[PDB]
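**Q** structure of the sequence below:
(6 chains, ligands or ions: 4)
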Amino acid sequence: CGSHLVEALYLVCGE
Amino acid sequence: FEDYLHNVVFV
Amino acid sequence: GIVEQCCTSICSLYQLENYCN
Amino acid sequence: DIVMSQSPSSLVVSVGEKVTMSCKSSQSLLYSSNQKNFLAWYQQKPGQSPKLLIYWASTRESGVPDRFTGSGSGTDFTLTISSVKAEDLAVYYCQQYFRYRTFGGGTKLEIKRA
Amino acid sequence: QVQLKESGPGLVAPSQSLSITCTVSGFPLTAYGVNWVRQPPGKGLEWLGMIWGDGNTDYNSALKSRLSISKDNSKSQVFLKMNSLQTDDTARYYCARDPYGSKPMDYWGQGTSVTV
Amino acid sequence: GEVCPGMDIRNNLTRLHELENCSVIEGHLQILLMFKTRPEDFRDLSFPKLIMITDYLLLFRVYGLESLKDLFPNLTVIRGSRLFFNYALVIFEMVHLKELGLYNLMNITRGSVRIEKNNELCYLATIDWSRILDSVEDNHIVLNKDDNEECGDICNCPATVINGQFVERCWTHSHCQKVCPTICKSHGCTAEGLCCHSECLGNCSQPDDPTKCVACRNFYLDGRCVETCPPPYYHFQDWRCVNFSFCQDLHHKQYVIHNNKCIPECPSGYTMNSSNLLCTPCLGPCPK
Ligand SMILES: *[C@@H]1O[C@H](CO)[C@@H](O[C@@H]2O[C@H](CO)[C@@H](O[C@@H]3O[C@H](CO)[C@@H](O)[C@H](O[C@H]4O[C@H](CO)[C@@H](O)[C@H](O)[C@@H]4O)[C@@H]3O)[C@H](O)[C@H]2NC(C)=O)[C@H](O)[C@H]1NC(C)=O
Ligand SMILES: *[C@@H]1O[C@H](CO)[C@@H](O[C@@H]2O[C@H](CO)[C@@H](O[C@@H]3O[C@H](CO)[C@@H](O)[C@H](O)[C@@H]3O)[C@H](O)[C@H]2NC(C)=O)[C@H](O)[C@H]1NC(C)=O
Ligand SMILES: *[C@@H]1O[C@H](CO)[C@@H](O)[C@H](O)[C@H]1NC(C)=O
Ligand SMILES: *[C@@H]1O[C@H](CO)[C@@H](O)[C@H](O)[C@H]1NC(C)=O
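**A** Numbers count the residues shown, from 1 in each chain, chains lettered A, B, ... in the order given. Ligands and ions are numbered 1, 2, ... in the order given. And now the structure:
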């Protein structure tokens, strides 16, 4: 899931 | 290593 | 850590929301 | 400041030979953090101001010929002149630079002729 | 261009003080230390004191408040000041450079004569 | 210049102004996770004052950033006292980076380089790394645009034998890699090639002068590059000398002294005597 974990974490934040 | 990287770069 | 919490183990939302900067 | 002691007070020798004088300190001069001894050797050709020769008791100053050779560790030190050439005549002193600085009583070198 | 020269008054009557100026050139006094050393004729070389880059001072404990070492770094000068001298103070006075961190005493003055 | 703390910069570029007067960062520098940044936020931005980083340099997912040549033009040494894994330089998923442009980086003491997953990135095979890192064996530079045998790399410069042919070496179209002649080693040299002083590290503003180094090789104290800290000064952060008092001030609210070093922790087999910060060996077994 490597690179996506970074992508997915962003999804969540917008922060 | 990407492993290391995350484990460590996260608040 | 996050790499063990949400990669080897497969995660859910809260798990992540808590982690937000 | 500590206490330095040299031997002899004076020495004599002829051309071609090797020479070894000694010094001693009241405290150990070997620096732990780098493994070097904080001691100096200076030569003073007479009538002139002295010249720096050997530092960390073994490190040769640039412009000094290889015949000059420093030794010793801890509290006890020696300076060696391997193969004497004409104007090698001088009075030699020991300096610690570990804490403050203090000099030895010095030791005189003379050369043999008629 | 590393050079040192001492300025002595030469002649001092007992109970009076000694003021010597060591004037150095070729290097910054803010970055090196300077030592004072004397030799009575045909006797030993004697460490008197030093002043580090940061204004810090070292005196030989032999000098019971008799010695004061200060500096003017903008004008490349080092001041030794020594009180109430006696005849046993008759010697040649040198300052010499001190690259403390890396070297011991490199570069000496030619030395100035002081007599009591 | 200034010595400032190891920093961790994320999200807004605004935090980046904390570095503006700094010359040495004591610790690491980490700039990461900026997703809304654009080319134009960098076309006016620079840190030419930064000359040295004591630990490591780390860049990760910073968008709109196309070259580092205007970001850290004058960084000259990375010391690698602490490493990130084994690395003193980490350039990673740096989408948008075209070229490196650390045309002033002369030496990475200790560590290795890991530059990975940077589509867009060329001007990598145009660097002789052996002129910067001691150990390049453990260098890890993969999956950049450069690995596609398809790079428009253009530079005058010198060629080294790393492969089975000589190779011209440069950072950008307008900057060659500086190489000092073989026997100058790590000390640096002038544009002509006169070696800088032996206690200087990468560069010097004047030849043959230990106050005119651009980044000390051993330790720094009171303006000059020196071989070692004399007592009463203590070795700190493995690059600069301080007195007891400085070291003490830090400790009080976690630094201690041992072996004439000022360090965070007493090493194993030792406990801290209270009156003097000095680590002493243990009376019997160590409770610690
Ligand atoms: C870049 O510049 C440097 C000069 O600063 C240059 O030479 C290398 O310098 C380093 C540091 O002085 C040397 O490393 C030491 O060498 C001994 C040899 O046995 C090691 O055992 C040492 O290990 C100790 O120090 C470690 C880190 O400092 C500690 O973590 C450890 O606990 C040990 O106490 C230490 O590494 C090194 O010898 C030279 N390297 C060489 C190859 O000569 C370097 O070459 C320059 N690089 C380039 C590309 O120009
Ligand atoms: C021990 O080491 C430290 C750090 O090297 C010394 O700090 C030095 O001392 C003074 C006092 O803090 C510093 O600043 C001074 O501040 C005033 C501002 O009001 C200014 O007028 C002075 O001109 C001076 O700049 C000084 O910069 C600093 N030096 C360094 C190299 O950090 C501390 O004094 C040392 N202690 C002893 C006993 O030597
Ligand atoms: C840089 O120095 C100037 C001195 O006027 C000051 O205005 C500014 O706040 C300083 N910045 C930092 C990050 O220390
Ligand atoms: C080194 O310093 C000099 C003098 O400031 C400067 O001309 C030069 O650009 C610097 N960098 C290199 C790589 O020579």
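**Q** mind listing the strands for the stretch 51-200 of chain F?
**A** Here the stretch 51-200 of chain F has its strands, by DSSP state E, counting those that start in this stretch, at F:52-53, F:57-62, F:77-78, F:87-92, F:107-108, F:112-116, F:140-142, F:159-161, F:166-168, F:170-172, F:175-176.
**Q** which of these sits closest to ligand 1?
**A** Nearest to ligand 1 among these is strand F:107-108 (3.8 Å), distances taken as C-beta to the nearest ligand atom. Placement of C-beta: from N, CA and C, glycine included.
**Q** now for that closest one, which elements pack on it?
**A** Packing partners of strand F:107-108 (3 or more C-beta pairs under 8 Å, 6 or more residues apart in numbering or on different chains; DSSP states H and E): strand F:77-78.
**Q** just name the most buried of the strands of the stretch 51-200 of chain F.
**A** strand F:77-78 (a mean of 28; mean count of other C-beta atoms under 10 Å in any protein chain shown).
**Q** what pairs with that strand, parallel or antiparallel?
**A** Strand partners for strand F:77-78, identified by DSSP bridges, are recorded as strand F:52-53 (parallel), strand F:107-108 (parallel).
**Q** how about residues contacting that strand?
**A** Applying C-beta atoms under 8 Å, 6 or more residues apart in numbering or on different chains, the external contacts of strand F:77-78 come out as F:51-53, F:55-57, F:88-89, F:105-109, F:111, F:201-202, F:215.
**Q** and the helices in the chain, which stretches?
**A** Picked chain A for this. Taking DSSP state H, the helices of chain A run over residues A:2-13.
**Q** not quite, I wanted chain F
**A** For chain F, helices defined by DSSP H occupy the ranges F:244-251.
**Q** got the residues of it near ligand 1?
**A** Applying C-beta under 6 Å from any ligand atom, one finds that chain F approaches ligand 1 through F:107, F:109-110, F:131-134, F:186, F:217.
**Q** if I look at the residue most central in space within chain E, how far off is residue E:111?
**A** For chain E, the residue sitting closest to the mean C-alpha position, by C-alpha atoms, centre = their mean, is residue E:36 at 3.1 Å. Distance, residue E:36 to residue E:111, by C-beta to C-beta, to the nearest Å: 11 Å.
**Q** shared neighbours of these two, anything?
**A** Common neighbours of residue E:36 and residue E:111 are listed as E:93-94 (criterion: C-beta under 8 Å, 6+ apart).
**Q** re the thing from before, ok, which of the strands of the stretch 51-200 of chain F comes nearest ligand 2?
**A** strand F:52-53 (17.1 Å).
**Q** give me the contact list for that closest one.
**A** F:23-25, F:27-29, F:75-79, F:215.
**Q** same check, this time on stretch D:10-20
**A** Here stretch D:10-20 makes contact (C-beta under 8 Å, 6+ apart) with D:21, D:78-86, D:107-112.
**Q** are any of those buried, and which?
**A** By the neighbour-count criterion of 16 or more other C-beta atoms under 10 Å in any protein chain shown, the contacts of stretch D:10-20 include these buried positions: D:21, D:78-81, D:84, D:107-109.
**Q** measure how buried the residue in chain D that chain A sits nearest to is and give me the count.
**A** Across chain D, the shortest distance to chain A (C-beta to the nearest C-beta) belongs to residue D:33, at 43.3 Å. The local packing of residue D:33 (other C-beta atoms under 10 Å in any protein chain shown) involves 14 other residues.
**Q** so it, which state does it fall into?
**A** coil (DSSP: H, G, I helix; E, B strand; the rest coil).
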